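Participant: please find the sequence and an experimentally derived structure below.
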Amino acid sequence: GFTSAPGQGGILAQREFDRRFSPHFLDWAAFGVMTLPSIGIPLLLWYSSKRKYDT
Amino acid sequence: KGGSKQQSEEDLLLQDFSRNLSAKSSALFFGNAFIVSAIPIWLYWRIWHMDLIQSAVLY
C-alpha cells in the first residue's frame, strides 16, 4: 500500500525566505544612528537652553 | 550717548541677580518643541516599518 501524498510543494529559496522573514537589527542600529544627529543636536541645544539660564 | 549709561545702570541692577532666563526660556521652548516633533518618528519607524529616508523630506 501507499501512504498519503502531500502533493507538489514549493520549497522557498533560503534567500527569498530571509528576504521575507529575516530580522533587521544591524540596519536598525545603523538607521537609528543616522537619525541620531538631526534629532539629538536640536535636543542637546535645547538642554543647553535648560542649563545655561533657566535656573 | 546717555542711553548707554542708563542701560548700563539697568543691566547692573539686573546683574545684582542676573538670572536672565528671557532668551533661553524661549530657546528651550524652541529646542524641546523640535524634540517633541522628533520623538514620534523613531517609535513609528520600527513598529510601522516606515523607512526614515523615504519620509525624511515629509518628516
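Facilitator: On my side now, so go ahead. Numbering: from 1, shown residues only, chains lettered A, B, ... in the order given.

Participant: who does the longest helix along chain B touch, helix- and strand-wise?
Facilitator: Counting by DSSP state H, the longest helix found in chain B is helix B:22-48. With contacts taken as 3 or more C-beta pairs under 8 Å, 6 or more residues apart in numbering or on different chains; DSSP states H and E, helix B:22-48 sits against helix A:26-53. (Each C-beta comes from the backbone N, C-alpha and C, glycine too.)

Participant: what about residue A:1, distance to chain B?
Facilitator: 50 Å (C-beta to the nearest C-beta, to the nearest Å).

Participant: repeat for residue A:32
Facilitator: From residue A:32 to chain B the distance is 7 Å (C-beta to the nearest C-beta).

Participant: what sits against that residue?
Facilitator: By C-beta atoms under 8 Å, 6 or more residues apart in numbering or on different chains, residue A:32 lies in contact with residue B:42.

Participant: what's the answer for the one 10 residues further on, then?
Facilitator: Residue A:42 makes contacts with B:31, B:34-35, B:38, as judged by C-beta under 8 Å, 6+ apart.

Participant: switch the cut-off to 10 Å
Facilitator: Residue A:42 is in contact with B:30-35, B:37-38, counting by C-beta atoms under 10 Å, 6 or more residues apart in numbering or on different chains.
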